[PDB]
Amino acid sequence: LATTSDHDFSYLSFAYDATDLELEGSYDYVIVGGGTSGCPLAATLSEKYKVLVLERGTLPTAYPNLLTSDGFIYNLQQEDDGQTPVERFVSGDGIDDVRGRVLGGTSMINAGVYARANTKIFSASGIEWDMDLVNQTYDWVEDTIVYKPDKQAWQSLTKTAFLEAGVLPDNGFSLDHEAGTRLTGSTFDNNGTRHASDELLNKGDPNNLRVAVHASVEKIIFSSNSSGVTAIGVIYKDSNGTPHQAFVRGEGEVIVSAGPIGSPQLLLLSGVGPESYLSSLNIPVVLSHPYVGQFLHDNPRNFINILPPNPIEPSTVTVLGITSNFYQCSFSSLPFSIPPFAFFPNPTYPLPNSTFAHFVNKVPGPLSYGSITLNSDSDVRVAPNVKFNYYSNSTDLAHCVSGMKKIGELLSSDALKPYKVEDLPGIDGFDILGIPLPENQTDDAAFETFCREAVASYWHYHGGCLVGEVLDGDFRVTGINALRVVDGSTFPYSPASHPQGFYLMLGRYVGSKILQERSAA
């Protein structure tokens, strides 16, 4: 774990704008997307080789509101205009959602909840894992951007309700995703500074790394020979319009780390994708990869909003109610005078005028998947369509009912009694904002309805470029040399209640693997 301090911007000595980058240049590694996974992977690769991260968004400095936790709601409430750190999109489903557009990626705009993955993930996954490295990697991240949270009035009040509700055992303060109520790590220090993955660039090597911002990567270039396809570089546009080239050297590679939506998109626009689909759009086919854009997952978020009669303090989420089929936590916040996008599933949702609390549920997996589709010719700056097919698989919905039933109990416990508006028993007495639970806690066919109408995103989407589908165990795009994907898009199921821990890790992991195979060869 780390000691509270200022956000570390020493990496700016080697961060550039893309208008300030050479029109063409050679590197040992090119990393598209300077996000959650890119930054650590950049840092890692730079220890021993020449590296360039390329990032469509801005320095965090440009938008001072994502350096603190107070700003968390704010970033969401700001209009999307192409420049700002939060990109507003809606699914084919109709559910409002965001993703980051800033150096440090979505770890720069997120809720900052840290958790190490479910150990039982590592074995049933498709990659074979070095567990001395994984664990030692978590150390390296934690030792830098992860902090032990201080008691907070409202959160400890949620710990007690979870333990009263049945969520056992009490694990105390622990980083490991296990079953039971616990108090987990956060990327918000005890002054409320945001520490995100941009700071892991500082863990790099200043003499070897070159970050670039406002570099929208448009195309991955390939080479005919010899004898098979290889990545040679990428093309990116600067803010003026000028396209630049970045090339890989002998023995080098290009690594896409643009997230569930970015990677499938860049690959598809570069003509690695399902043949009949690319033809359909007149995109020249470079390798027929049927599974690119496929198997996109997003865990449904189902919640209850309460408006206590007395005010409650805003909190950063640190207390978690982990059960096998779903995960829970609770957010308290100042009122909303302008709606923060993606918090609620549509913009016409009532806003809270006083302080309120938000009890949420996240189904694991999930099992239901969808698809990335392009709709703009090529324009990388045009957000692709995604469909997630919420509650399409009947098991996701069972776990929703369960989880909502369990929130029903959270509301019944002795801890929540001072937050009811009147002294009515059970779940009644709460002043509800938006859609309330079913009255009868034994009405399956009614809770199923709740789950389906109330659903929003947990923002934890992942998929679209799976190992054992598009990538091999080393994270290579199969049948293409020198091309790799590392990020949210690489696995079909969520690693924990909260994924950034896994992804931050997954970045420096693949780093060391690549570095290793550079010494054993």
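Numbering starts at 1 and follows the sequence shown.
A.B. asks: Which is higher on average in the deposited entry, the C-alpha temperature factors of 286-294 or of 424-432?
C.D. replies: It is 424-432 that shows the higher mean C-alpha B-factor.
A.B. asks: Name the higher of the two by mean Cα B-factor in the PDB entry, 105-113 versus 397-405.
C.D. replies: Here the higher of the two C-alpha B-factor means belongs to 397-405.
A.B. asks: I'd like to know which of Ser270, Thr144, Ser412, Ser332 has the highest C-alpha temperature factor in the PDB entry.
C.D. replies: Across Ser270, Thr144, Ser412, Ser332, the entry lists the biggest C-alpha B-factor for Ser412.
A.B. asks: Name the residue from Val98, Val256, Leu437, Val319 with the greatest C-alpha temperature factor listed in the entry.
C.D. replies: It is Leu437.
A.B. asks: What third of the chain, by the recorded C-alpha B-factor, contains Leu504?
C.D. replies: Lowest third, going by the recorded CA B-factors of the chain.
A.B. asks: Which third of the chain does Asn65 land in by C-alpha B-factor: lowest, middle or highest?
C.D. replies: Tercile = middle for this residue's CA B-factor.
A.B. asks: Splitting the chain's C-alpha B-factors into thirds, which one does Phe356 fall into?
C.D. replies: Lowest third, going by the recorded CA B-factors of the chain.
A.B. asks: Looking at the entry's B-factor column for C-alpha atoms only, identify whether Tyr236 ranks in the lowest, middle or highest third of its chain.
C.D. replies: Within its chain, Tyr236 is a lowest-third residue by C-alpha B-factor, going by the deposited values.
A.B. asks: In terms of the chain's CA B-factor thirds, is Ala454 lowest, middle or highest?
C.D. replies: Highest third of the chain for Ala454's C-alpha B-factor.
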